[PDB]
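Trainee: Sending over a structure as structure tokens; questions will come in a sec.
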Amino acid sequence: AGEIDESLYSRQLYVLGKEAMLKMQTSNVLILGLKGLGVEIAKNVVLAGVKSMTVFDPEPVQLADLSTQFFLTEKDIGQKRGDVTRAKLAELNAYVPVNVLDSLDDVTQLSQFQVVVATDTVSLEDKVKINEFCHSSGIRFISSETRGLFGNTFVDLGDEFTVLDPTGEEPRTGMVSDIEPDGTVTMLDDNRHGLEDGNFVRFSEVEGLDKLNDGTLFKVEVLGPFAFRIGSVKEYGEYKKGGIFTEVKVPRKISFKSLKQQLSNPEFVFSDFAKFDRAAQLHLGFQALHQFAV
Amino acid sequence: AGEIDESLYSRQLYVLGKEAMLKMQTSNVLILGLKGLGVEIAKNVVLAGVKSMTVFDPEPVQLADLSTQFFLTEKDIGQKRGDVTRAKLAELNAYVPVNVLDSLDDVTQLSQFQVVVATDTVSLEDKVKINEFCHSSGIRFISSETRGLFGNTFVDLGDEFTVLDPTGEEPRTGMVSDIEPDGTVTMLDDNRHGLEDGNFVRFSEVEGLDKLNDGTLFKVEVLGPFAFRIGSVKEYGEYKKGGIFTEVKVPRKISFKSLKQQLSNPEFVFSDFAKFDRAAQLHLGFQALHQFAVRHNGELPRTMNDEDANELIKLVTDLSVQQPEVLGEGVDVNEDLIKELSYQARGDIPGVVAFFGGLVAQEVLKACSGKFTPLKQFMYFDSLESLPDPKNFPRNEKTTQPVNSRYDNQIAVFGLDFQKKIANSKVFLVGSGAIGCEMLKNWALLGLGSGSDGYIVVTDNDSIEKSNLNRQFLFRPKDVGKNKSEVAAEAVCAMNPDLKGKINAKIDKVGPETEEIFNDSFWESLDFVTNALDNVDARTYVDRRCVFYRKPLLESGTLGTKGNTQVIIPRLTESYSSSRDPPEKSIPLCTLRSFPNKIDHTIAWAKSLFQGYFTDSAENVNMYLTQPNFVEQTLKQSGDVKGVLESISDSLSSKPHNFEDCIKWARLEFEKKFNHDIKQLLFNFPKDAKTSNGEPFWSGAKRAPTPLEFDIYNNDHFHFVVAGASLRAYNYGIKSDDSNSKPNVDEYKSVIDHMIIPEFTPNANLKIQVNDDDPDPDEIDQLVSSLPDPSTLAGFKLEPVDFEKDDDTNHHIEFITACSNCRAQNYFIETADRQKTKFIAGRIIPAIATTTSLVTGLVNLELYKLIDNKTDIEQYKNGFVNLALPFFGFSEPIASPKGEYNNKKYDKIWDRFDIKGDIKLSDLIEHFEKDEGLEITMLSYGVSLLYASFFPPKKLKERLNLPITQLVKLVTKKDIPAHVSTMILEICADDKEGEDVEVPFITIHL
Amino acid sequence: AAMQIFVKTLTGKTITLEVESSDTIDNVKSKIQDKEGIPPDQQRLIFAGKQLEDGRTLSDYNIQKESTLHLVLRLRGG
Amino acid sequence: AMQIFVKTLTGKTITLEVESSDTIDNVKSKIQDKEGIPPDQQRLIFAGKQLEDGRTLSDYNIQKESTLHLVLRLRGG
Ligand SMILES: *O=P([O])([O])O[C][C]1O[C](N2[C]=NC3=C2N=[C]N=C3[N])[C]([O])[C]1[O]
Ligand SMILES: *O=P([O])([O])O[C][C]1O[C](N2[C]=NC3=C2N=[C]N=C3[N])[C]([O])[C]1[O]
């Protein structure tokens, strides 16, 4: 393959793009725990189209699990959550095989997967072991837990991870009316460039500055809503007319720390800034829930 | 899938990378025309691994197509070129389906493909149609043509194409000592940044500027070799210390113009700057060949025909008048050049086809991947220097005419007599790997050594391994384990049975230890020699011999997309050894022992630990048990005596009895190496430690380490123990609990959990060498008095490990990777995977078939010049290439240095004094006086001095009446091995005026 | 009279030098050493079909301003 | 004489210079001069509150270095 079905993925394709989806279609995902949380995550990932989805949950279905697990019925009570759910996940998307992992006694099995997600059925002790293995092996790790009206999630994509497009927005683009020797680019009449300091742009159709058009990227210094500066262009010639600029999104490398390190030194993203003082309280709280269970 | 077979693609993987090959594996390729050119392109692309290959060529095989089409046989004549070739291309690589497109009447079928390649069989009218459909549909398009010693290629990847990595070079990296508010970055000490204006870099570990480390890219303005500037940084804060910069390659969008547009407005890439004025001429000349064909019902000019050559010159002349811009205002048509194009239009030359086969195949791979910089967009090439002197081998309609022979389109260019001399050549090919197979293929197509006075000898001492298959196209999976040379000789004779019985495949290594096989008679019978090697030593060896025997040598080499050719001509040029190549970077010992900052350092350290633990230890024990003078001999002769004695002691005192014992041993080695040894280093130099000076000791290339706490869930901690235990078991002949399985974590964990790991206690009298420029590397009697007597150990043997990087099941790379990554954890160095550790520890050379094929093609264009015995140094070309750029450059070889003594000129490399017989010393000195005006001052055999003019009378009376061999025996007390047929002597001498003078060396012939 | 010429390496790097047409090849190699760290014995420079030899001048090889020389290497694999 | 930030739903960061007594009205017009959006269409939120036209930055305890968010209603579903 290397092939995407547009008749199915049309509106999603306009969100993610072909390349991102092609990578998705080479990724094997494992989900640990199939109460409501796990099956919601699994439902959305299967819909999105990944190479394969594997589910691990050997616990018996009990009546209470039906609170949020929309693929369980009362007929299923007694049987294993993983098994009963597998077939229903499988109907969501014929392109995505859904398998069941019978056991997790051997941690080495985790090497089959590119992304491992541990939900609320996995103890904090097992989360840490599993994360340690994933992180040191280059497997992407994510965990999540809900409790009543509280919840959290944790992301660790390893020592080396590259973001190829940070926002999914269309690259900004515009017509140029003048380019002064100091690099000052002025917009063609009432058009706003929309760029931000440190974006990059390339050019085409600029007359008089020919190697400005070769695909080289220039770093943007914003002067105002109607002009930005790219640094001297004397060496390139003398502006005459025309020109279009196109923003180019450059790769960015990032590092994540392990669950162990983040338990004692978390980097927070806030869900509601009116409640920021609560993130640190709850990060202690969720740990305490685990100590309570121990 | 997203899966790449490393065992097959290993060497290509280090050239292209995972992501490029993943893209290649989603790309369907279509090749139009399957004569020499198309099959060469197809072979290289099928080898490299694309989703599928489709070939189109419904033309019937004719005998003359075999000139360069190595997959056609005379039995195939009449059948369709595409049908017959299909199965043979399929055999090259099981992962790549090869299909035949039956008909191309419906242009719409082109839409199944991502890259279309139009060869010499497609009319220009059709090229333009196909290119227009491809360009306007988003399909990448390439075309190429060869005509005798001339060739071209055209590339058009469409309106929108993105280059992801322009060079394939390792990104530059470096340590920072300062960043000023204006953004001037200063390197630590003597370290050069290696950047270029317009490069981009990211940062990490820069304290004081925190968001400068977030992955943001900065544009580089270079200030000198040791500083560059990134723009103001006042806004991020203020630099305090530390910092590493890393180069990042950014995407580049480029556009291509259509074939139509470029026919009238070409963008040239030059293949030889010495010839750049010919690009415009040939651009016109190739268009006239197509016009000529439209006027002659599809036919090309006839071979060596003046009437057609004049018409071609007229057509080119009409083009330059219609478009005066193409040659330039007031620039004349180069008629002699156009005339040769016409004369040779029907020629099909192995060398030229190989050059364009490699190039275009690489351009296909670029097109599929965005890896490397595409040719943009026309390249022309000629090798007219390869033509022989017409005095010796005249070229005309008669000598040049066909003979009903697979060699007819080579005869078309060179004439019959010359082709016959190629057939009667005697050659030695040294090596039968990538270049070797390509070379043997080229010689098959040349018919070289097929004549009654000709032969080929090829030698190689290695066997065929799986990774070889990616670029040694003569070998099949079934052939793995057999001998490279033998298999290759068989394969080539299947391509051309004119060589059956004419190729002598040997399996001997070439070097000083095989001179009884490769003896005087052997070397002296040869016309010339060709290298196909992968190490400098063997090259130097062969060069020395070609100098000694006065034989031409054709040399070449590759590294990924880079390559070179060099010709060495007796009595004319420098030899290979005459010049220096840059040496291997050496890592200082203090950096390895105590202060690594790169993964290369932890890998080297790990590789030595591996040798010590599993190879050297075992070898020392076996010597101790079987050599009764071993302790004695060691006390006097070894560098590290205490080292060897401790090693033997430990090996015999801690003998494992089961596999669980090996697990415990490996767990304790982890504690020692990654915990106790580190705490000791910190004890000597605490983190806050200062220098006499007052600066912090732990700065710059010195990274304060932290001791490791074993954690079975860490991949590197686990695999250090697994591989360590399994290798220890091997040494002691103990059966592994994993010998028929993967390793079970809970079982290792069980064993390790019951262990008592001993606490660390420092050694206050231990001292640590910080610089390489300072000192230090009773017990020993005691140490001997702890050795078991060998009688205790009758029949005991340890089995030393032989490092094998290409067997993924033997735990070697597993060990070196885990061992390196653990030390890397100690020192906050990013860990590396097995593929990268294997590359570094195994010293693997990146290799790919495209470059191999192209460079071999160049060698065979030079080979034509040897056959003609050219003595004009200006006709020869050393070649240098990088297909990634793409770049090609050539230079005339360097002449051999000349000297003079008295009135006599000599060649300081190639000349010598040839003395027949085991001459008496006095006769030799007398000869040189009378015949050469040379007063011998010093005479040596290797290292020993046989005569000097300062010897007093008594010593002269001892030596003067002795034959050289007896003289050598008098001084060395050793004999001449009797299999020796010559001895080289070095002399110093004075000329007639009594001044010292450099002179040639002497060869004594017994 | 002083001019600029270029040195391209086999890896794609472009080096800029300032020289006079009367400089020796030795001179030029020394300028390359100060910029790249390579020693003159290890440098191999070619221009227009010729390899540049230590005793000669730029003029001997008709090197003009803006000319591009190539620094090349012998490869060891095969 | 202070600086504040406005982050948009697309990830863009805008920097403004304001005094603590400026009205929401003032701020919205600065956003118009910079982004082109007209004040009636701007929706700005800070610390749990949506900012209303008649008030000042001080009324919402907006301090120097504070970050406001410009958000949108989406029409699909
Ligand atoms: O570059 P490749 O590894 O594909 O091929 C090189 C080839 O040369 C052989 N070789 C190395 N050293 C040799 C030798 N043959 C004969 N004598 C000596 N000294 C090697 O086995 C490879 O097949
Ligand atoms: O956002 P989606 O298309 O996935 O879902 C929208 C849904 O709404 C329906 N809809 C649009 N307009 C409507 C309406 N239903 C009833 N009345 C009106 N006026 C539409 O058909 C979609 O299914």
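Here, A, B, ... name the chains of the structure tokens in the order displayed, residue numbers run from 1 inside each chain, and ligands are numbered from 1 in the same displayed order.
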Could you report the residues within 7 Å of ligand 1, using only C-alpha atoms and all ligand atoms, as a list in words?
Mentor: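 These are the residues that qualify: residues 430, 431, 432, 433, 434, 435, 436, 459, 460, 461, 462, 468, 484, 508, 509, 510, 511, 532, 533, 534, 535 and 538 of chain B; 77 and 78 of chain C.
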Trainee: Would you save the residues from that selection as a short mmCIF file (atom, residue, chain, number, x, y, z; two decimals), in the first residue's frame, using C-alpha atoms?
Mentor:
data_model
loop_
_atom_site.label_atom_id
_atom_site.label_comp_id
_atom_site.auth_asym_id
_atom_site.auth_seq_id
_atom_site.Cartn_x
_atom_site.Cartn_y
_atom_site.Cartn_z
CA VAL B 430 41.71 -8.18 -7.19
CA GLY B 431 38.39 -8.61 -5.36
CA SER B 432 35.00 -10.01 -6.31
CA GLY B 433 32.48 -7.98 -4.27
CA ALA B 434 30.45 -4.98 -5.46
CA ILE B 435 32.95 -3.42 -7.85
CA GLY B 436 34.18 -6.94 -8.66
CA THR B 459 40.68 -13.59 -6.72
CA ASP B 460 38.84 -13.05 -3.44
CA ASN B 461 39.10 -14.95 -0.17
CA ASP B 462 35.68 -14.13 1.16
CA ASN B 468 26.15 -8.60 -0.08
CA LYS B 484 32.45 -14.82 -4.22
CA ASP B 508 43.47 -16.62 -2.28
CA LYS B 509 43.98 -13.38 -0.33
CA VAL B 510 46.43 -11.01 -1.99
CA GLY B 511 49.33 -9.95 0.25
CA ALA B 532 38.05 -4.00 -6.53
CA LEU B 533 38.90 -3.62 -2.86
CA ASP B 534 37.50 -2.32 0.42
CA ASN B 535 40.61 -1.53 2.42
CA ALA B 538 45.39 -4.34 0.04
CA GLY C 77 35.07 1.02 0.04
CA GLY C 78 34.13 -1.32 -2.80
#
Trainee: I want to know what sits within 6 Å of residue 19 in chain D, based on only C-alpha atoms, with residues of the same chain fewer than 2 positions away left out; could you give that as a list in words?
Mentor: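 My reading of the contact set: residues 1, 2, 21 and 22 of chain D.
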Trainee: Would you output that residue set with N, CA and C atoms, as an mmCIF file, in the first residue's frame?
Mentor:
data_model
loop_
_atom_site.group_PDB
_atom_site.id
_atom_site.type_symbol
_atom_site.label_atom_id
_atom_site.label_comp_id
_atom_site.auth_asym_id
_atom_site.auth_seq_id
_atom_site.Cartn_x
_atom_site.Cartn_y
_atom_site.Cartn_z
ATOM 1 N N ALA D 1 2.235 51.245 32.455
ATOM 2 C CA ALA D 1 2.953 51.024 31.162
ATOM 3 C C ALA D 1 3.432 49.574 31.146
ATOM 4 N N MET D 2 2.521 48.692 30.759
ATOM 5 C CA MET D 2 2.705 47.241 30.802
ATOM 6 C C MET D 2 2.447 46.462 29.510
ATOM 7 N N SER D 21 -5.432 50.829 33.268
ATOM 8 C CA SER D 21 -6.717 51.511 33.283
ATOM 9 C C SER D 21 -7.381 51.484 31.918
ATOM 10 N N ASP D 22 -6.803 50.780 30.948
ATOM 11 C CA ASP D 22 -7.422 50.766 29.634
ATOM 12 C C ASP D 22 -8.718 49.968 29.692
#
Trainee: Name all residues at most 10 Å from residue 64 in chain C (count only C-alpha atoms; drop same-chain ones fewer than 5 positions away) and give them as a PDB file with N, CA and C atoms, in the first residue's frame.
Mentor:
ATOM      1  N   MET C   3      41.183  39.083  -5.539  1.00  0.00           N
ATOM      2  CA  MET C   3      39.941  38.528  -6.064  1.00  0.00           C
ATOM      3  C   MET C   3      39.394  37.447  -5.157  1.00  0.00           C
ATOM      4  N   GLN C   4      38.146  37.076  -5.409  1.00  0.00           N
ATOM      5  CA  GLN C   4      37.499  36.014  -4.670  1.00  0.00           C
ATOM      6  C   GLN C   4      37.371  34.811  -5.580  1.00  0.00           C
ATOM      7  N   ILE C   5      37.675  33.630  -5.025  1.00  0.00           N
ATOM      8  CA  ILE C   5      37.401  32.347  -5.669  1.00  0.00           C
ATOM      9  C   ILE C   5      36.724  31.433  -4.661  1.00  0.00           C
ATOM     10  N   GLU C  20      45.214  36.736  -4.601  1.00  0.00           N
ATOM     11  CA  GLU C  20      45.653  37.459  -5.777  1.00  0.00           C
ATOM     12  C   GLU C  20      46.075  36.443  -6.831  1.00  0.00           C
ATOM     13  N   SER C  21      45.983  36.853  -8.092  1.00  0.00           N
ATOM     14  CA  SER C  21      46.202  35.945  -9.210  1.00  0.00           C
ATOM     15  C   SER C  21      47.633  35.394  -9.232  1.00  0.00           C
ATOM     16  N   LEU C  58      48.200  30.415  -9.434  1.00  0.00           N
ATOM     17  CA  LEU C  58      46.846  30.350  -9.972  1.00  0.00           C
ATOM     18  C   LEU C  58      46.848  30.674 -11.436  1.00  0.00           C
ATOM     19  N   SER C  59      47.735  31.580 -11.823  1.00  0.00           N
ATOM     20  CA  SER C  59      47.828  31.997 -13.204  1.00  0.00           C
ATOM     21  C   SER C  59      48.223  30.823 -14.103  1.00  0.00           C
TER      22      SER C  59
END
Trainee: Mind listing the residues within 9 Å of ligand 2, only C-alpha atoms and all ligand atoms counted, as a ChimeraX atom specification?
Mentor: /D:75-77
Trainee: Those residues you just picked out, can you put them in a file as a compact mmCIF listing (two decimals), in the first residue's frame with N, CA, C and O atoms?
Mentor:
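Output file out_19.txt is given in full below:
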# COMPACT_ATOMS: atom_id res chain seq x y z
N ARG D 75 -18.92 26.27 13.40
CA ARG D 75 -20.24 25.98 12.83
C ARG D 75 -20.44 24.51 12.40
O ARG D 75 -21.50 24.13 11.90
N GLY D 76 -19.48 23.63 12.61
CA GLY D 76 -19.73 22.30 12.06
C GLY D 76 -20.16 21.33 13.15
O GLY D 76 -20.16 21.67 14.34
N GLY D 77 -20.57 20.14 12.74
CA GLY D 77 -20.91 19.10 13.68
C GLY D 77 -21.89 18.08 13.13
O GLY D 77 -22.40 17.27 13.93
Trainee: Show me, as a tab-separated table, the residues of chain C having an atom within 9 Å of chain B, each with the closest atom pair and its distance in Å, using only C-alpha atoms.
Mentor:
residue	atom	partner	partner_atom	distance
C:10	CA	B:882	CA	6.6
C:11	CA	B:167	CA	7.0
C:12	CA	B:885	CA	6.9
C:13	CA	B:196	CA	7.1
C:14	CA	B:196	CA	7.4
C:15	CA	B:196	CA	8.1
C:34	CA	B:225	CA	7.9
C:35	CA	B:225	CA	5.6
C:36	CA	B:225	CA	7.2
C:37	CA	B:192	CA	8.3
C:38	CA	B:582	CA	8.3
C:39	CA	B:582	CA	8.7
C:41	CA	B:580	CA	6.7
C:42	CA	B:581	CA	5.7
C:43	CA	B:581	CA	8.4
C:46	CA	B:891	CA	6.3
C:47	CA	B:891	CA	7.7
C:48	CA	B:274	CA	4.3
C:49	CA	B:891	CA	4.4
C:50	CA	B:891	CA	4.6
C:51	CA	B:891	CA	5.5
C:53	CA	B:894	CA	8.5
C:70	CA	B:889	CA	8.0
C:72	CA	B:880	CA	6.8
C:73	CA	B:880	CA	7.4
C:74	CA	B:564	CA	5.9
C:75	CA	B:557	CA	4.9
C:76	CA	B:557	CA	5.3
C:77	CA	B:534	CA	4.1
C:78	CA	B:534	CA	4.8
Trainee: Can you spit out the residues from that selection as a PDB file, in the first residue's frame, using N, CA and C atoms?
Mentor:
ATOM      1  N   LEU C  10      33.681  17.727  -1.593  1.00  0.00           N
ATOM      2  CA  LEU C  10      32.923  16.605  -2.133  1.00  0.00           C
ATOM      3  C   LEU C  10      31.634  16.381  -1.346  1.00  0.00           C
ATOM      4  N   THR C  11      31.529  17.017  -0.190  1.00  0.00           N
ATOM      5  CA  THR C  11      30.355  16.898   0.666  1.00  0.00           C
ATOM      6  C   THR C  11      29.341  18.012   0.398  1.00  0.00           C
ATOM      7  N   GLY C  12      29.648  18.926  -0.518  1.00  0.00           N
ATOM      8  CA  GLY C  12      28.734  20.007  -0.852  1.00  0.00           C
ATOM      9  C   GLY C  12      29.028  21.357  -0.205  1.00  0.00           C
ATOM     10  N   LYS C  13      30.007  21.392   0.690  1.00  0.00           N
ATOM     11  CA  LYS C  13      30.354  22.619   1.385  1.00  0.00           C
ATOM     12  C   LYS C  13      31.050  23.589   0.429  1.00  0.00           C
ATOM     13  N   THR C  14      30.709  24.879   0.533  1.00  0.00           N
ATOM     14  CA  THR C  14      31.332  25.920  -0.271  1.00  0.00           C
ATOM     15  C   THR C  14      32.135  26.852   0.623  1.00  0.00           C
ATOM     16  N   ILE C  15      33.430  26.978   0.331  1.00  0.00           N
ATOM     17  CA  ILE C  15      34.373  27.836   1.048  1.00  0.00           C
ATOM     18  C   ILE C  15      34.748  29.044   0.197  1.00  0.00           C
ATOM     19  N   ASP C  34      43.623  27.027   7.240  1.00  0.00           N
ATOM     20  CA  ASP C  34      43.100  27.922   8.276  1.00  0.00           C
ATOM     21  C   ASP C  34      41.583  27.902   8.411  1.00  0.00           C
ATOM     22  N   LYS C  35      40.883  27.370   7.426  1.00  0.00           N
ATOM     23  CA  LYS C  35      39.439  27.484   7.415  1.00  0.00           C
ATOM     24  C   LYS C  35      38.794  26.147   7.680  1.00  0.00           C
ATOM     25  N   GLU C  36      39.446  25.069   7.266  1.00  0.00           N
ATOM     26  CA  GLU C  36      38.873  23.735   7.345  1.00  0.00           C
ATOM     27  C   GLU C  36      39.669  22.821   8.285  1.00  0.00           C
ATOM     28  N   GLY C  37      40.944  23.123   8.498  1.00  0.00           N
ATOM     29  CA  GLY C  37      41.714  22.344   9.436  1.00  0.00           C
ATOM     30  C   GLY C  37      42.491  21.267   8.703  1.00  0.00           C
ATOM     31  N   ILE C  38      42.210  21.061   7.412  1.00  0.00           N
ATOM     32  CA  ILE C  38      42.940  20.055   6.643  1.00  0.00           C
ATOM     33  C   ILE C  38      44.399  20.423   6.327  1.00  0.00           C
ATOM     34  N   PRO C  39      45.310  19.443   6.406  1.00  0.00           N
ATOM     35  CA  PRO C  39      46.686  19.873   6.125  1.00  0.00           C
ATOM     36  C   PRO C  39      47.015  19.804   4.647  1.00  0.00           C
ATOM     37  N   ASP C  41      49.192  18.558   2.648  1.00  0.00           N
ATOM     38  CA  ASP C  41      49.525  17.242   2.054  1.00  0.00           C
ATOM     39  C   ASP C  41      48.258  16.414   1.775  1.00  0.00           C
ATOM     40  N   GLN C  42      47.198  16.638   2.543  1.00  0.00           N
ATOM     41  CA  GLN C  42      45.976  15.827   2.399  1.00  0.00           C
ATOM     42  C   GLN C  42      44.947  16.428   1.454  1.00  0.00           C
ATOM     43  N   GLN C  43      45.168  17.668   1.036  1.00  0.00           N
ATOM     44  CA  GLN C  43      44.233  18.352   0.162  1.00  0.00           C
ATOM     45  C   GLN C  43      44.425  17.928  -1.305  1.00  0.00           C
ATOM     46  N   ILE C  46      41.258  20.168  -7.754  1.00  0.00           N
ATOM     47  CA  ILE C  46      41.168  20.089  -9.197  1.00  0.00           C
ATOM     48  C   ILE C  46      40.389  21.282  -9.725  1.00  0.00           C
ATOM     49  N   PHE C  47      40.808  21.728 -10.903  1.00  0.00           N
ATOM     50  CA  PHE C  47      40.165  22.800 -11.637  1.00  0.00           C
ATOM     51  C   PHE C  47      40.274  22.607 -13.127  1.00  0.00           C
ATOM     52  N   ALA C  48      39.146  22.624 -13.821  1.00  0.00           N
ATOM     53  CA  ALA C  48      39.158  22.523 -15.274  1.00  0.00           C
ATOM     54  C   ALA C  48      40.006  21.400 -15.850  1.00  0.00           C
ATOM     55  N   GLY C  49      39.892  20.185 -15.309  1.00  0.00           N
ATOM     56  CA  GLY C  49      40.562  19.049 -15.899  1.00  0.00           C
ATOM     57  C   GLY C  49      41.945  18.815 -15.315  1.00  0.00           C
ATOM     58  N   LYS C  50      42.489  19.762 -14.543  1.00  0.00           N
ATOM     59  CA  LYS C  50      43.844  19.623 -13.987  1.00  0.00           C
ATOM     60  C   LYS C  50      43.829  19.476 -12.445  1.00  0.00           C
ATOM     61  N   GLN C  51      44.725  18.656 -11.886  1.00  0.00           N
ATOM     62  CA  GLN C  51      44.973  18.650 -10.427  1.00  0.00           C
ATOM     63  C   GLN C  51      46.030  19.704 -10.069  1.00  0.00           C
ATOM     64  N   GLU C  53      49.090  21.512  -8.504  1.00  0.00           N
ATOM     65  CA  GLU C  53      50.384  21.150  -7.903  1.00  0.00           C
ATOM     66  C   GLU C  53      51.074  22.239  -7.096  1.00  0.00           C
ATOM     67  N   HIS C  70      37.635  22.461  -6.884  1.00  0.00           N
ATOM     68  CA  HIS C  70      36.985  21.381  -6.151  1.00  0.00           C
ATOM     69  C   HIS C  70      37.982  20.620  -5.272  1.00  0.00           C
ATOM     70  N   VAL C  72      38.638  17.337  -3.504  1.00  0.00           N
ATOM     71  CA  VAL C  72      38.141  15.977  -3.621  1.00  0.00           C
ATOM     72  C   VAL C  72      38.950  14.925  -2.809  1.00  0.00           C
ATOM     73  N   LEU C  73      38.366  13.737  -2.642  1.00  0.00           N
ATOM     74  CA  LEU C  73      38.900  12.604  -1.851  1.00  0.00           C
ATOM     75  C   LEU C  73      38.977  11.237  -2.512  1.00  0.00           C
ATOM     76  N   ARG C  74      39.924  10.393  -2.112  1.00  0.00           N
ATOM     77  CA  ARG C  74      39.893   9.002  -2.568  1.00  0.00           C
ATOM     78  C   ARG C  74      39.069   8.236  -1.516  1.00  0.00           C
ATOM     79  N   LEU C  75      38.171   7.386  -1.994  1.00  0.00           N
ATOM     80  CA  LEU C  75      37.201   6.626  -1.197  1.00  0.00           C
ATOM     81  C   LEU C  75      37.785   5.215  -0.978  1.00  0.00           C
ATOM     82  N   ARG C  76      37.430   4.482   0.070  1.00  0.00           N
ATOM     83  CA  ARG C  76      38.136   3.274   0.437  1.00  0.00           C
ATOM     84  C   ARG C  76      37.216   2.027   0.415  1.00  0.00           C
ATOM     85  N   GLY C  77      35.968   2.158  -0.048  1.00  0.00           N
ATOM     86  CA  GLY C  77      35.074   1.021   0.039  1.00  0.00           C
ATOM     87  C   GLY C  77      34.981   0.425  -1.364  1.00  0.00           C
ATOM     88  N   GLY C  78      34.341  -0.727  -1.494  1.00  0.00           N
ATOM     89  CA  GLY C  78      34.129  -1.322  -2.799  1.00  0.00           C
ATOM     90  C   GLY C  78      33.948  -2.838  -2.748  1.00  0.00           C
TER      91      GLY C  78
END
Trainee: Give me the residues of chain A that have any atom at most 6 Å from an atom of chain B; for each, the nearest atom pair and the distance in Å, rounded to one decimal. Use only C-alpha atoms, sort by chain and number, and format it as CSV.
Mentor:
residue,atom,partner,partner_atom,distance
A:2,CA,B:26,CA,5.3
A:26,CA,B:2,CA,5.3
A:129,CA,B:713,CA,6.0
A:132,CA,B:714,CA,5.8
A:133,CA,B:713,CA,5.2
A:136,CA,B:715,CA,5.5
A:215,CA,B:252,CA,5.4
A:252,CA,B:215,CA,5.2
A:253,CA,B:215,CA,5.3
Trainee: Considering only C-alpha atoms, can you say which of B:107, B:939, B:338, B:492 comes closest to residue 317 in chain B?
Mentor: B:338
Trainee: As a VMD selection string, please: the residues near range 924-935 of chain B (cut-off 7 Å, only C-alpha atoms, same-chain neighbours under 2 positions excluded).
Mentor: chain B and resid 919 to 922 937 989 to 992
Trainee: Since we have the selection now, will you write its residues out, keeping N, CA and C atoms, as a compact mmCIF listing (two decimals), in the first residue's frame?
Mentor:
# COMPACT_ATOMS: atom_id res chain seq x y z
N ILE B 919 75.21 -11.88 -8.12
CA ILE B 919 76.50 -11.19 -8.31
C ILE B 919 77.38 -11.05 -7.04
N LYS B 920 78.71 -11.10 -7.22
CA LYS B 920 79.66 -10.90 -6.11
C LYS B 920 79.69 -9.44 -5.71
N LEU B 921 79.81 -9.15 -4.41
CA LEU B 921 79.79 -7.75 -3.95
C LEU B 921 80.77 -6.83 -4.71
N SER B 922 82.02 -7.24 -4.83
CA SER B 922 83.00 -6.41 -5.53
C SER B 922 82.58 -6.16 -6.99
N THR B 937 77.93 4.06 -1.73
CA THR B 937 78.28 4.61 -0.44
C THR B 937 77.66 3.76 0.67
N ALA B 989 74.69 6.70 -2.91
CA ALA B 989 75.87 6.81 -3.77
C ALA B 989 76.29 8.26 -4.00
N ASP B 990 77.54 8.44 -4.39
CA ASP B 990 78.07 9.72 -4.82
C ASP B 990 78.20 9.72 -6.35
N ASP B 991 77.93 10.86 -6.97
CA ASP B 991 78.07 11.01 -8.41
C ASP B 991 79.54 11.27 -8.72
N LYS B 992 79.87 11.56 -9.98
CA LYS B 992 81.26 11.77 -10.41
C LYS B 992 82.00 12.92 -9.70
Trainee: Show me which bits of chain D are within 10 Å of chain A, counting only C-alpha atoms, as a list in words.
Mentor: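 Selected residues: residues 9, 10, 11, 12, 13, 14, 33, 34, 35, 36, 46, 47, 48 and 49 of chain D.
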Trainee: Do you know which residues are at most 12 Å from range 678-688 of chain B counting only C-alpha atoms, after dropping those on the same chain fewer than 6 positions away, and could you put them as an NGL selection string?
Mentor: :B and (593-595 or 670-672 or 694-699 or 702-709 or 759-770 or 822-823 or 825-827)
